[PDB]
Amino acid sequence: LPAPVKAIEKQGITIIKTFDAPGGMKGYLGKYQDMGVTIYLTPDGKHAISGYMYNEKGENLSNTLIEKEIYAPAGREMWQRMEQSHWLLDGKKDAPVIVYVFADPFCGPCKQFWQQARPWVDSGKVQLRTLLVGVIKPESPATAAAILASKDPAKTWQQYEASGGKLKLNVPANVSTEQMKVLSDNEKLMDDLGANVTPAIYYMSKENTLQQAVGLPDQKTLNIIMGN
């Protein structure tokens, strides 16, 4: 390791890998308290710059590289895991913005977020894909399974949220083996993603990195979730 880069390491940076940078410069990708950072060895070999590289078009190439190499892989993986799960559709199947939501039937903020989304969902801009969990209340699993068990689960969920949970249900005698697997898989993915509270909302940034909102979003966060 070149001496200038060793000196930057002592400022609290752990190297991940080298990469090729412009202008004869050698790049080092690393982390500082778990955040990605970039170091550039100068052409002379005897200096190094810790910081952010921009190009002529004004792109922060260091941020682009950090996002591509550190954050995007795990985000794409979790996005696919949610896509392959047993989610309920709310909105148009071809709506261009996809938002995943982990929701419990006895969650007040879940219904409030449902309400917030209506202008985008009912205009075809956003589809919500709901992964039901049964974690808040003693009756949460049986009620979520009852929704999964109904003739049209996506419709029953819409009525359940729209009615504030006043929708009457025919709750089965037991949670079926298929319903237990759906709920336990969705709960596993929710726990993987680190939110213990519903709604747990996941969406993709324009840079293809996974983003999160937990609880009822404020106006700025809501508009970003919906793709404004």
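A residue's number is simply how far along the shown sequence it sits, counting from 1.
- Stretches compared: 182 to 190, 47 to 55. Higher mean C-alpha B-factor in the entry: 182 to 190.
- The mean C-alpha temperature factor is higher for 19 to 27 when 19 to 27 and 212 to 220 are set side by side.
- Taking only the listed residues 159, 64, 42, 38, the entry reports the highest CA temperature factor at 42.
- Comparing the listed residues 198, 60, 163, 176, the entry records the largest Cα B-factor for 176.
- When the modelled residues of the chain are ordered by their C-alpha B factor, residue 1 lands in the highest third.
- In this PDB entry, the Cα temperature factor of residue 132 sits in the bottom third of its chain's modelled residues, the lowest group.
- Per the PDB record, residue ranking by Cα B-factor puts residue 116 in the lowest third of the chain.
- Per-chain ranking of the deposited C-alpha B factor places residue 90 in the lowest third.
- In the deposited entry, the Cα temperature factor of residue 76 places it in the middle third of its chain's modelled residues.
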